[PDB]
């Protein structure tokens, strides 16, 4: 079931990139798998550079952890930063040098939808604290697809919007009081946005929460370890109920507990 985050486990390393192209990146599974994929299917994008187009796909967890990809997709336009997600058969990613979110259907390699996130800063305006052009961060939780960003009107505070996964329309929007560039990353669990304090520390914390159901903001002190000292991506998977992260070449996962 659902609840408030109360604990994060130790990071477990599932795969380590062998080249500088994977110093930062995004890896993910689909919380709503659709044919021909399953809950084991894994995608990995090494995101260093300026023409990021290769998406590595692995049918099996064993292949993700020990082998070569089973398929490589070449995106039709370059991707920006580490914020992408996979949801219900599509990769949702941000176009390079844009505030455009793109829905790319993985089995057909068809762009099904594109949407400018209204007012969103991009390309170094409202990144997380490490930089990396992390202005726009997609998220999946128990209720579906969201996007995390900021705007000039919000003065750089985290804004989050629920997204229609079919056509990318914004369905509802909330404004927090958390400066986006003051936190290392963020993710959503059960409709509550959580932030991480530091991308370098072994003794970081999950330090803020904003509950979209109640409008209430809280401070937290839940320990969070950046084992390799440079976490570029931290997302939540609601099917596995785990955090997925990318830390200085390493694809890692953290158990959690909800109350």
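Positions refer to the first chain, counted from 1.
J.: Would you tell me which stretch averages the higher CA B-factor in the PDB entry, 134-142 or 74-82?
T.: It is 74-82 that shows the higher mean C-alpha B-factor.
J.: For the stretches 201-209 and 229-237, which has the higher mean C-alpha B-factor as given in the deposited record?
T.: Higher mean C-alpha B-factor: 201-209.
J.: Per the entry's Cα B factor values, which of 88, 129, 107, 150 stands out as the maximum?
T.: Going by the entry's C-alpha B-factors, 107 comes out highest.
J.: Taking the values straight from the PDB record, which of 30, 57, 51, 46 has the highest C-alpha temperature factor?
T.: Out of 30, 57, 51, 46, the record gives the largest C-alpha B-factor to 51.
J.: Where does residue 185 sit by CA temperature factor within its chain: lowest, middle or highest third?
T.: Lowest third - that is where residue 185 ends up once the chain's C-alpha B-factors are sorted.
J.: Which third of the chain holds residue 216 when residues are ordered by C-alpha B factor: lowest, middle or highest?
T.: Highest third - that is where residue 216 ends up once the chain's C-alpha B-factors are sorted.
J.: Taking the chain's C-alpha temperature factors as the reference, tell me which third residue 21 falls into: lowest, middle or highest.
T.: It belongs to the middle third of the chain when residues are ordered by C-alpha B-factor.
J.: Give the position of residue 192 by CA B-factor within its chain, expressed as the lowest, middle or highest third.
T.: Middle third - that is where residue 192 ends up once the chain's C-alpha B-factors are sorted.
J.: Test of reading the entry: by CA B factor among the chain's modelled residues, which third contains residue 62?
T.: Residue 62: CA B-factor falls in the middle third of its chain.
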